[PDB]
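A closer look at the structure
The primary structure of each chain is shown beneath.
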Amino acid sequence: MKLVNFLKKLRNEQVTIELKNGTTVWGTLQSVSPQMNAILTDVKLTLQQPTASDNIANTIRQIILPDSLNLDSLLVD
Amino acid sequence: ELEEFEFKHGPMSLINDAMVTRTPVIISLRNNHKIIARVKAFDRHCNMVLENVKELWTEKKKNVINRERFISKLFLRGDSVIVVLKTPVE
Amino acid sequence: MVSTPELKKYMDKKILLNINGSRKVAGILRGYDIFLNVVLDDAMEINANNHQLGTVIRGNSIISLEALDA
Amino acid sequence: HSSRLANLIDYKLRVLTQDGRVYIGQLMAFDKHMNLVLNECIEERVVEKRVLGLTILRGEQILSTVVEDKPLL
Amino acid sequence: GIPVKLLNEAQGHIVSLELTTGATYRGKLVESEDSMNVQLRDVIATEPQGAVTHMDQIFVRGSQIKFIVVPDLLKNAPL
Amino acid sequence: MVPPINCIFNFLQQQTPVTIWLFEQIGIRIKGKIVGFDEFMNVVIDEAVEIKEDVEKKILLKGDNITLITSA
RNA sequence: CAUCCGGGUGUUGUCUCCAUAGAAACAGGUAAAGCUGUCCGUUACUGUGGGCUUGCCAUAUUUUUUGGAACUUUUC
């Protein structure tokens, strides 16, 4: 009975994440937890100049999802 | 148990009402950057999946500059939301 | 949870509290709480102008609690 | 869950905090609150450095995690 | 959880810490908690300014702690 | 000894005037008599006043914003 | 001090009953052995079938994960 469960389906796609801190993060998602803690693969995060990180992982403001992803199919259990 | 009861009667019902009506919404954020879009799905924490979003936010360089950007799909964590305005087209 | 703190040794003794907003208070320790809410009697502000009052300080606020005399 | 978090154990990590400071060192112990314990730590406030030793961070304070190097033998 | 037990094990030794306040405190630790409360003695504070002071007894709230700094032998401890 | 919620229970019966301080705002304070409260420390003040000493004139407060509750 | 009736352990050569892959193939040495090198059986990445060493088991209202944040300005 949570919208979090939908994010566990999301795995594999790339997203630019914004945080409360005010950073921006392009990278592929590997896994998503019930407590929102996401782990990313092949990341390019910017705080300062942008710096690439391999394995990046409360602070999440919003995910800007890719345009190809069908919402109707994922919103079902 | 009691969560089912409040979705029909309470404050959150007007999103369920609006989002089912295929409605657009104006949302005031905690970032000082308002969000104007149409909603897909919501939750008890106000975790909302938005579609076709457009922001409105001032700036300085200096004088006030407004800037807009279109986003296709957007999962918003309800902590960032401070005020929701559920405005109908009709 | 709710570890009732070790303030038994401060009961009925003078104190020098500090609180949020850099404001501080002297008083006789009457009673304490789970959340560290405090009861002080003979409460005197420390602005340096010291005003007598006669007080329940909130737990959240508290930064610390001292002893004037050993 | 926490299956991914055990995989990080005993790797040199780069941890950004809410203050902006960034701690670095191996990971010995981990929590459900994301309390991290770190060995032989070094902050980089920014052209700066400091030596601390064993550091136990809270969950509130932590922002992001990132592996610097592979697990040491 | 282990991140709390390590703390309880450094009771007696001298500890350094950082609060949301911005200041760091250093002293012998007497009691801790699962909340992350603390009880210390002979504390030597040092704020953002550099201002040193002395505090005889102190209690804390964990919520207010950012992070601790613990003695070196506490890395061979059992997990 | 005196626990904290039993202390606030006395302020209801006596109808004593009590000034309330806010969390992150020293510039502002409040006043009023206490009718009722709850487990989460929300308060229903009566004849409440906003206090330069600019006294501006029944409300309810959230328990997250309080710091001090003081008699008279 | 001996003698005698006994025991277990290792190792070697046999005997009886029983087992099915095979890569049990090659070359090095000790007091010993895949001890070593090569080597081969499944196989290192999938889906069906078994077991667990696992999720630790589900908290938006004060000590961590549903925010006191947001914003501005001056100094070097």
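The rules behind the values
Residues numbered from 1 in each chain as written, not as in the entry; some residues may be left out. Chains lettered and ligands numbered in written order. Part of a larger assembly, values for the part shown. Heavy atoms only, no water. Residues with missing side-chain atoms left out of burial classes, pairs and counts. Helix = DSSP H or I, 4+ residues; strand = E, 2+ residues; numbered from the N terminus. Rg over C-alpha atoms; globule rule 2.2 N^0.38 Å. Contact = heavy atoms within 4.5 Å. Pairing = 2+ DSSP bridges. Nonpolar A, V, L, I, M, F, W, Y, C, P; charged D, E, K, R; others polar. Axes fitted to C-alpha atoms, helices over the stretch in contact; angles between N-to-C directions.

In its metadata, the entry names cryo-EM as the structure determination method and reports 3.40 Å as the resolution.

With that out of the way, let us pick up the overall build of chain F. Across its full length, chain F holds one helix and six strands. Taken from N to C terminus, the helices and strands of chain F fall in the order α-β-β-β-β-β-β. In summary, chain F has a C-alpha radius of gyration of 12 Å against a globular reference of 11 Å for 72 residues, a match within 12%.

We now examine the arrangement of the chains. Kept free of each other, chain B and chain E leave a smallest C-alpha distance of 19 Å between them. Looking at chain E next to chain F, you find no contact at all, with the nearest C-alpha pair sitting 13 Å apart.

All names here are of chain F. Relative to strand 4 (residues 43–46), strand 3 (residues 33–37) runs antiparallel, the two being bridged by four bridges. Among the inter-strand pairings, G36 is bridged to a residue of strand 4, identified as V44. Connecting strand 3 to the antiparallel partner strand 4 that follows it, the hairpin turn spans five residues, and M41 within it adopts a positive phi of roughly 70 degrees. Here strand 4 pairs with strand 5 (residues 59–61) via three bridges, running antiparallel.

On the chain B side, the residues contacting the five residues of chain A number five residues. When grouped by side-chain class, the residues that make up the side of chain A that touches chain B number three nonpolar, one polar and one charged. Strand direction decides the pairing type here: strand 5 (residues 60–65) of chain A and strand 4 (residues 70–76) of chain B, joined by four bridges, are antiparallel. Considered in strand 4 of chain B, the bridge of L65 of chain A is made with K73 of chain B.

Right, let's get into the interface of chain F and chain C. In this assembly, four residues from chain F lie in contact with four residues from chain C. Across the side of chain F that touches chain C, the residue classes break down as three nonpolar, one polar and no charged.

Turning our eyes to something else, we now look at the sheet that holds strand 3 of chain F. Residues and elements named next belong to chain F. What the three strands build is an open sheet, ordered 3-4-5; its pairing is antiparallel. Of all strands in the sheet, those with a lone pairing partner are strand 3 and strand 5, marking the two edges. Ignoring strand direction, the axes of neighbouring strands in this sheet form an average angle of 30 degrees.

What follows covers the environment of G27 of chain A. Residue and element names in this part refer to chain A. Assignment of secondary structure puts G27 in strand 2 (residues 24–31). Here the alpha-carbon distance between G27 and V43, two residues 16 residues apart in the chain, equals 4.2 Å. For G27, the contacting residues outside a window of four places in its chain are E13, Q14, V15, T41, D42 and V43.

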